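# A closer look at the structure
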Amino acid sequence: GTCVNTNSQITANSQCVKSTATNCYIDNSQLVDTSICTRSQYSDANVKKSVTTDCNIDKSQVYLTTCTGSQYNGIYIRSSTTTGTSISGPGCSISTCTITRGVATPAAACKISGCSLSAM
């Protein structure tokens, strides 16, 4: 029981290991590898070594990513940082980007494909 749970609803079909979830709604998802969940809703998602605050993550996999006030729906995102943005697209894939309110900061390492970026 390596999950530091603070007022979080974590389903049985969910899993929280070596991580912290404060006021989080985790359903059929995994919050693993030193991840930090705060007031975020995880739906059929995988959150690894990531931090999400007031985020709605649905059918997505987030790695080494920090999420603040954002929505992910059916996307894969890594080594990134998004704030106040809605990201969707069945085949959305983002890697090493900084995104604030729907606009991705131009960068060489930032790789984005099959995604729809908008503000929240």
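Residues numbered from 1 in each chain as written, not as in the entry; some residues may be left out. Heavy atoms only, no water.

X-ray crystallography is the method the PDB entry states for this structure, with the resolution given as 2.45 Å.

The name the PDB entry gives the protein chain is Antifreeze protein isoform 501, with Choristoneura fumiferana as the organism. The title given to this entry in the Protein Data Bank is "Choristoneura Fumiferana (Spruce Budworm) Antifreeze Protein Isoform 501".

## What to know about the state of the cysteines
Such a bond, covalent and formed between the sulfur atoms of two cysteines, is termed a disulfide. Applying the stated criterion to the full structure yields 5 disulfides. Linked covalently through their sulfurs, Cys 55 and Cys 67 form a disulfide whose S-S length is 2.0 Å. Between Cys 55 and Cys 67, the S-S dihedral sits near -95 degrees, and the bridge is therefore left-handed. Linking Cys 55 in the loop between β10 (51-53) and β11 (56-58) with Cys 67 in strand β13 (residues 66-68), this pair joins segments that are 12 residues apart in sequence. Side by side, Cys 55 and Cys 67 carry an identical accessibility label, which is buried. Residue pairing for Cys 97: its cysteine sulfur links by disulfide to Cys 110, the two sulfurs lying 2.0 Å apart. (Disulfide = S-S within 2.5 Å. Helix = DSSP H or I, 4+ residues; strand = E, 2+ residues; numbered from the N terminus. Buried < 20%, exposed > 50% of the residue type's maximum accessible area, 1.4 Å probe, protein only.)

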